[PDB]
Each structure stands twice: as structure tokens, then as C-alpha cells.
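A.B. asks:
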Amino acid sequence: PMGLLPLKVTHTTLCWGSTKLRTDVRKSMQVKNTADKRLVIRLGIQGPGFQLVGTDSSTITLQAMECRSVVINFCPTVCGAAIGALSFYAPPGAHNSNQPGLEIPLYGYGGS
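In the deposited numbering, each residue carries its 1-based index in the sequence shown increased by 696.
(1) On a Cα-Cα basis, can you pick out the residue from 785, 738 and 804 that is closest to residue 796?
(2) Could you name the residues that DSSP lists as bridge partners for residue 799?
(3) Taking 8 Å as the cut-off, does the stretch 707 to 719 touch the stretch 732 to 739 (at least 3 CB pairs, one atom from each stretch)?
(4) Just to confirm, is the Cβ distance from residue 805 to residue 777 under 8 Å?
(5) Residue 767 and residue 707 look like a contact to me (Cβ under 8 Å); what is the Cβ gap, rounded to whole Å?
(6) Would residue 802 be called buried (16 or more neighbouring beta carbons within 10 Å of its own) or exposed?
(7) Going by Cα to Cα distance, which pick from 783, 769, 798 and 792 is closest to residue 724?
(8) So, residue 775 versus residue 720, is the Cβ gap smaller than 8 Å?
(9) How long is the line joining the alpha carbons of residue 800 and residue 808, rounded to whole angstroms?
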């Protein structure tokens, strides 16, 4: 009687490579989490142009069991300091939440 079913995520954090000016880079990530309950959460992004663009759907009628796709495209023209980030919101009900509101570190700048 021995066995475990651990679950890991890849969306928790995004990794970017060396980007040069006048160049275009496209990154994509997905998160998976088998849930037994049906909770409705709302996800939003800030910063027009660069961010988790794509088929990002969370606010809709879904739950942890669903799937979240985050695709970001970087294509700066000059060395700048612009970075994005994803924010999470608490559910409507009074679900036991321990200091929610996680933020994913999205580091990405332009070359020189």
C-alpha cells in the first residue's frame, strides 16, 4: 500500500530567452489541475499589447479542472523596461482561501 499522485504546473512561472531588437518572439503556456469541485473564478490581465493573449478563458463558467492557455508575444524596437504579470481573483462564495491572489513573474525586456 504505497503510492502518490502529485500534480505540477508550468503556468505558475514563465521563462523567456534572449530577445533582440527588431525581432519577434512568441511564447505559450498551459495549466492543468484536476478538481473535484465546481468553482467560478475571474481572471483579468493588464497592459494593452503585451500580455497573456490568446484563448485565455477563466471568468466563464469553468473550474480548476478546466484549462488555461496564456500566449505572450514580445517584439520591442528599443531597449526598454516593460514586464507583464497575471493576477488571480477570489471566488464568489466563501470558499476557504488562504491569502489568495497569486502573481506570476513575467520577466522580459528588449535587446540592445
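For each residue, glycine too, the CB sits at the ideal point set by N, CA and C.
C.D. replies: Short version:
(1) Shortest Cα-Cα distance from residue 796 to any of 785, 738 and 804 involves 785.
(2) Note: residue 799 sits in a beta bridge opposite 783.
(3) With the cut-off at 8 Å, the stretch 732 to 739 and the stretch 707 to 719 do not touch.
(4) For residue 805 and residue 777, yes; Cβs fall inside 8 Å.
(5) Actually they are not in contact, since the Cβ atoms of residue 767 and residue 707 sit about 11 Å apart, beyond 8 Å.
(6) Under this definition residue 802 is a buried residue.
(7) 769 is the residue among 783, 769, 798 and 792 whose C-alpha sits nearest the C-alpha of residue 724.
(8) Contact flag unset, no.
(9) Cα to Cα, residue 800 sits roughly 26 Å from residue 808.
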